[PDB]
Structure formats: C-alpha cells, structure tokens
C-alpha cells in the first residue's frame, strides 16, 4: 500500500532552488536516456552540434542535467568540454552486463576524471542493468573503474535497474547529500 514520491518532490527537498549542474555520461546503450525520462522532471531538449555529436538536457528549477554519449565517434572530445563548465557532479552510467565494453567505459570514465574542469566533482556511478543474469557486481564495476584509488573526491557506486527506476533514489540521495556538504 505504501507509495514512492515523485522525483519532482524529491528534488524539491534535495536541491530546492539551489544552482546545480550535473553531467551524466557513459558509453552509448549504458542506460542514460532511460534515466532521464524515468526522472519525470521536465522536458528533455536536444542539440545536435555536429552531424554526429548529440546532447540532451533537462532542467528543474535551477538544477540542470546535461547528457551525452562518450567513446568512439571519431574523437569529438573538444565539442564536449564546453558542457563541463561549472559542473558540481558527474553521473557516469555503465552497462553492468556488457563485460566486453567495460575497459572502454573505464578508459572514458578515467578521461573525464582527469579533465581539469572535473577536479572537484562529486562522482556517482550507476552500475546499471543489474536485473541481467550474470552481469558484473557493483564492486566489480567499482574495481574496474579504479574508484578505490581515488583523489580526494567523494564517490559512490550504485546498483541500478534504470528501466524500473531501481537504484535511482539511492544514488541521487547520495549525490544530493554529498553536494550540499
């Protein structure tokens, strides 16, 4: 009989008018757009700034989530960096079933971390698609992304099933708490 709250109300408690800018990144198919629509927090808008490169965005009050795929795509790395401007947090999403592409994801993740503009970011990892038989454990995704060895930044790896909205409250609550200090 008990019911979840709407993220709309959750965001009111968590951020409530505060200026927040998070970027949610990952390899294509990790589950990022799914997380966006599953939040139900406003319209998503897109800009395709090149014939290949493609960015999505959502804002609620003064919290903005900016979203793109990372990896392959020639190497459009400079076209991104504009979008890191005064970012508070990174959400990096991983397909926990895709054992093959995780080295790539760790590489990519590791490149975001080393970018100057990400020095002081809180880091949330969604180890997504945990519903799938034989996927990686959240620890195995932690290990692989090298989160043990980590700077002085606050980080957290969170199990998720994005298509059921599972894990999302937990990660976002961590993120919100972490960010207000």
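Positions refer to the first chain, counted from 1.
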**Complete:** Of 154-162 vs 13-21, the stretch with the larger average CA B-factor in the entry is 13-21
**Fill in**
Averaging the C-alpha temperature factors as deposited, the higher value of 48-56 versus 110-118 falls on 48-56
**Asked** Among 34, 130, 148, 66, where is the Cα temperature factor highest, going by the PDB entry?
**Response** 148
**Fill in**
On the chain's distribution of Cα B-factors, residue 42 falls within the third called middle
**Message:** Based on the deposited C-alpha B factors for this chain, I'd like to know if residue 76 is in the lowest, middle or highest third.
**Reply:** highest
**Message:** Per the entry's values, where does residue 123 land by CA temperature factor relative to the rest of its chain, in the lowest, middle or highest third?
**Reply:** lowest
**Item:** Third of chain Cα B-factors occupied by residue 175
**Value:** lowest
